[PDB]
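In what follows, a structure is listed as structure tokens, so that the remarks can point back to it.
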Amino acid sequence: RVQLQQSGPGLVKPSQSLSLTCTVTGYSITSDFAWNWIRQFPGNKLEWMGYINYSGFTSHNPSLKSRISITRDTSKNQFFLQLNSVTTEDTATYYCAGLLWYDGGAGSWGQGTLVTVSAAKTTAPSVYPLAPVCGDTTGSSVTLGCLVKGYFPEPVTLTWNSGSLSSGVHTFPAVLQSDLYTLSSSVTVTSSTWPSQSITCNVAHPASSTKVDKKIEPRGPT
Amino acid sequence: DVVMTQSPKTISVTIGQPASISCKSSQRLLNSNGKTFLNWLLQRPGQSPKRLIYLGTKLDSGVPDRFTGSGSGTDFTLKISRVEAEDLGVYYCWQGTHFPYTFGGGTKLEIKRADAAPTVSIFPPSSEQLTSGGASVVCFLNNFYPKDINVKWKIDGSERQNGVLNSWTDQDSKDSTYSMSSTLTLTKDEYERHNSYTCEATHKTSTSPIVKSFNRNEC
């Protein structure tokens, strides 16, 4: 079936341009579809930006007043978005989405790429282990965590034991303060399993090419 | 431009019961060839929007048949015959008949479940962070229902208001609960000056707060 995937720089300076790529697999971009760009702002607000269809014909929202270009490269089976003169109001999650030209069916969206429009500097996170206090380890379950502090821009990825620990996890939305984000995640396991079965938080921050793999050590002797 | 108005804004439904949501457009969405370009989509937490209904009344590709779209002209309805927890999220309508194409503002479907008290856990600053100059105290309030909850921080027994940042999860389809993290950030020097740190969670499941504490420099 058709699969779409956005790629492109996640941080853009005000007054410059955002440039995104959508890679289509499982279907030729010269057949049947309208290839759309859609973005999402805070508040469940979705805005249709435009399309390029299977014949190369385009359409875009008048809200974007001359700032938008939608193009394609049929040899690469990709289509593209350029949005110029960006401001902080263009910060949003950008999606590519194919719908069939004939009936609007078969809607297929990429995973979405966050683009932040900001002058603030890229900053790698510090990743701190959250080890439980002694008094809260004598129950049948135990909760551990990880604090990812001081990074910019979004996003980071966080897994536990390289993804093999996925049950009992809560990863919280980041909070932004002074142009840096902080995010936390908790994981809960059966207490008798820890510390015999180690637990590590794996954090990646693609914008700074940084990864941290932080093993949670108990408080007390290790 | 066409305005797409969804109601209600939010709906809370018990698993197994039906759900019905409305989308009304400011202009008719029938076209010159007898097609009505009206779609419904669901956006689950942390995911992209996904197809449900198209052409006003047709099940889109792969979509469970528990979803039905009805209506015509300007008034459209989405019905879910029997709600499942994985149905939670935000439902949108979209129109493709009138340029520029527009979306409804969304309706959020919440799963109603039995009240649950939070599981509360507090964590001192790490040794690594303490070498930095800063000190963050973290409290998790996990797997509770309903979503409204209150957290209060105390340092040596007195309530502390600045330096507190909170974050809430979306509803979890696995158990229909909510979770919250609260982080109290101090300077290292202020943290090392005081002794006991307390997180108190107040939730409708109990008349008395759940209190979790530690002493700095005790395991």
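Residues of region A:100-119 with backbone nitrogen within less than 12 Å of a virtual label 7 Å along the Cα-to-Cβ line of A:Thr74, please, listed as ranges.
Zone members listed by number: none at all.
When the helices in chain B are scored as -39500 (n - 2.57) per DSSP H run of 4 or longer and the sum is shared across all residues, what 222 nm value do you end up with, to the nearest 500 deg cm²/dmol? Please report the intermediate quantities before stating the final value.
On the way: 2 runs with 10 residues, N = 219.
Using -39500 (n - 2.57) per qualifying helix, the result is -1000 deg cm²/dmol.
Provide Rg over Rh for chain B; use the alpha carbon set for both Rg and the Kirkwood Rh (inverse mean inverse pair distance).
On the way: Rg = 23.6 Å, Rh = 20.3 Å.
Ratio value, two decimals: 1.16.
To the nearest 0.05, what FRET efficiency results for B:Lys152 and B:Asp115 with a Förster distance of 25 Å applied to their C-beta separation? Don't jump to the answer; show the numbers that get you there.
On the way: r = 20 Å, r/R0 = 0.82.
In this case the efficiency is close to 0.75.
Could you work out the relative contact order of region A:108-222, using alpha carbon pairs under 8 angstrom and six or more residues apart, expressed as a whole percent?
On the way: 219 pairs, mean separation 35.4, N = 115.
Computed over region A:108-222, the figure is 31 percent.
Could you give me the radius of gyration and the Dmax of the protein assembly as shown, taking only the C-alpha atoms into account and expressing both in angstrom?
24.2, 76
Per residue of B:115-126, count partner chain C-beta atoms within 10 Å of its C-beta, then hand back the mean as an integer. It would help to have the intermediate numbers written out before the result.
Working: counts 0, 0, 0, 0, 5, 2, 11, 5, 15, 5, 3, 11.
For peptide B:115-126, the averaged partner shielding equals 5.
Work out the length of the dipole vector of chain B about its Cα centre, built from +1 on the beta-carbon of each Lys and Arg and -1 on the beta-carbon of each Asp and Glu, and round it to the nearest 20 debye. Kindly include the intermediate steps, with their values, before the conclusion.
Values: 24 positive and 21 negative charges, 158 e Å.
With only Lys, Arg, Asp and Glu charged at Cβ, the dipole is about 760 debye.
Tell me, what is the percent relative contact order of chain B, built from C-alpha pairs under 8 Å that lie six or more residues apart?
Working: 534 pairs, mean separation 40.4, N = 219.
Dividing the mean separation by the residue count of chain B yields 18 percent.
Under the definition of partner shielding as Cβ atoms of other protein chains within 10 Å of a residue Cβ, what is the mean value for peptide B:97-104? Let's see the in-between values first.
Details: counts 1, 0, 5, 10, 12, 4, 7, 2.
Counting Cβ atoms of other protein chains within 10 Å of each residue's Cβ and averaging gives 5.
Which entries of A:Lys76/A:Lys211; B:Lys35/B:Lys174; B:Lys58/B:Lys108 show an alpha-carbon separation above 28 angstrom in the structure shown?
Details: A:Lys76/A:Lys211 31 Å; B:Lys35/B:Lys174 38 Å; B:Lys58/B:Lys108 22 Å.
In this structure, A:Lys76/A:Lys211; B:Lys35/B:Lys174 exceed 28 Å between Cα atoms.
Nothing charged except the Cβ atoms of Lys and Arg (+1) and of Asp and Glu (-1): what's the magnitude of the dipole of region A:120-218 about its Cα centre? Round to the nearest 20 debye. Present the calculation step by step, with values, prior to reporting the outcome.
On the way: 5 positive and 5 negative charges, 31 e Å.
Dipole of region A:120-218, to the nearest 20 debye: 160 debye.
Give me the percent relative contact order of region A:1-122, please, defined on Cα pairs under 8 angstrom at least 6 residues apart.
With pairs under 8 Å counted, the relative contact order is 35 percent.
Give the average, rounded to an integer, of partner chain Cβ atoms located within 10 angstrom of each Cβ in A:170-178. Show your work: numbers first, answer last.
Details: counts 11, 5, 11, 6, 1, 5, 1, 2, 0.
Partner Cβ neighbours, averaged per residue: 5.
Give the range of the longest stretch in chain A that excludes all trypsin sites (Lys or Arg not before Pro) found in loop regions by DSSP and having at most 14 other beta-carbon atoms within 10 Å. Display every interim value, and only then the final one.
On the way: sites that count: A:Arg1, A:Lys65, A:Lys76, A:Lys121.
Here the longest run is A:122-222.
Report the extension gain between A:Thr87 and A:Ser141 in nm, rounded to one decimal, defined as 0.36 nm multiplied by the number of residues separating them, less their alpha carbon distance.
Working: separation 54, 0.36 × 54 = 19.44 nm, distance 4.75 nm.
Extra length from A:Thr87 to A:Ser141 when fully extended: 14.7 nm.
Any chance you could run the full-extension gain for A:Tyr102 through A:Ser19? It's 0.36 nm times the residue separation minus the Cα-Cα distance, nm to one decimal.
Numbers: separation 83, 0.36 × 83 = 29.88 nm, distance 2.85 nm.
Going from the current span to full extension adds 27.0 nm.
Once each part is reduced to its C-alpha centroid, what is the distance from region B:122-200 to region A:120-138 in angstrom?
12
Looking at region A:1-72, which chymotrypsin sites (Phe, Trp or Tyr not before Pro) are DSSP coil and have at most 16 other C-beta atoms within 10 Å of their C-beta?
On the way: sites: A:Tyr27, A:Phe33, A:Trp35, A:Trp37, A:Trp48, A:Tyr51, A:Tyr54, A:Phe57; in loops: A:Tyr27, A:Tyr54, A:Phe57.
Hits after loop and neighbour filter: A:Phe57.
Taking the alpha-carbon distance from A:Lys214 and a cut-off under 19 Å, which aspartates and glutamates remain once sequence neighbours fewer than 8 residues away in the same chain are dropped?
Here the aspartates and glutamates satisfying the reach criterion relative to A:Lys214 are B:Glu128.
What whole number of Å gives the distance from the Cα centroid of region A:153-175 to the Cα centroid of region B:9-66?
Region B:9-66 and region A:153-175 have Cα centres spaced 31 Å from each other.
Just want the answer: with Cβ charges of +1 for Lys and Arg and -1 for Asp and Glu, which residue in A:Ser140, A:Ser162, A:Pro173 is farthest toward the dipole's positive end in region A:120-218?
Of the listed residues, the answer is A:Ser162.
With a 10 Å Cβ neighbour count serving as the proxy for reagent exposure, in which order, fewest first, do A:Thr210, B:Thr5 appear?
Numbers: A:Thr210 16, B:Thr5 13.
So the residues, fewest neighbours to most, are B:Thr5, A:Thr210.
Quick one: B:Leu59, A:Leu83, fewest Cβ neighbours within 10 Å first, how do they rank? List each step's numbers first, then the result.
Values: B:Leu59 17, A:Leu83 26.
Least crowded to most crowded, the residues run B:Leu59, A:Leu83.
Could you calculate the contour length gain from B:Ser32 to B:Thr10, that is, 0.36 nm times the residue separation minus the distance between their Cα atoms, to one decimal place in nm? Show your work: numbers first, answer last.
Details: separation 22, 0.36 × 22 = 7.92 nm, distance 3.43 nm.
Contour length minus Cα-Cα distance gives 4.5 nm.
Positive end of the charge dipole of region B:78-162 (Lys, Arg +1 and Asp, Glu -1 on Cβ, about the Cα centre): tell me which of B:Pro125, B:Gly104, B:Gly157 has its Cα farthest that way.
Positive-most Cα among the choices belongs to B:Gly104.
Calculate how large, on average over all directions, the projected area of the Cα convex hull of region B:1-113 is; give the answer in nm² to one decimal. List each step's numbers first, then the result.
Numbers: hull surface 26.7 nm².
Taking a quarter of the hull surface, the average projection is 6.7 nm².
Rg and Dmax in Å for region A:1-119, alpha carbons only: what are they?
Every Cα atom of region A:1-119 included, Rg and Dmax give 13.5, 43 Å.
May I ask which residue of B:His203, B:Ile80, A:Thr113 lies farthest towards the positive end of the charge dipole of the protein assembly as shown, with charges of +1 (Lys, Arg) and -1 (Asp, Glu) on Cβ and the Cα centre as origin?
B:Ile80
Could you sort out which of A:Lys45/B:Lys154; A:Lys215/B:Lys50; A:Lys215/B:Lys188; A:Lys45/B:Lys112 sit more than 29 Å apart by Cα distance in this structure?
On the way: A:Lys45/B:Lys154 38 Å; A:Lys215/B:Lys50 37 Å; A:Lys215/B:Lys188 23 Å; A:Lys45/B:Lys112 25 Å.
Violating the 29 Å Cα-Cα cut-off are A:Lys45/B:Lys154; A:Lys215/B:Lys50.
For an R0 of 35 angstrom, estimate the FRET efficiency from the Cβ-Cβ distance between B:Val63 and A:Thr30 and round to the nearest 0.05.
On the way: r = 27 Å, r/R0 = 0.77.
It comes to 0.85.
Only the coordinates and a few stated rules stand behind these numbers; no lab work does. In this analysis, Cβ positions are derived from the backbone assuming ideal geometry, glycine residues included, and neighbour counts consider all displayed protein chains.
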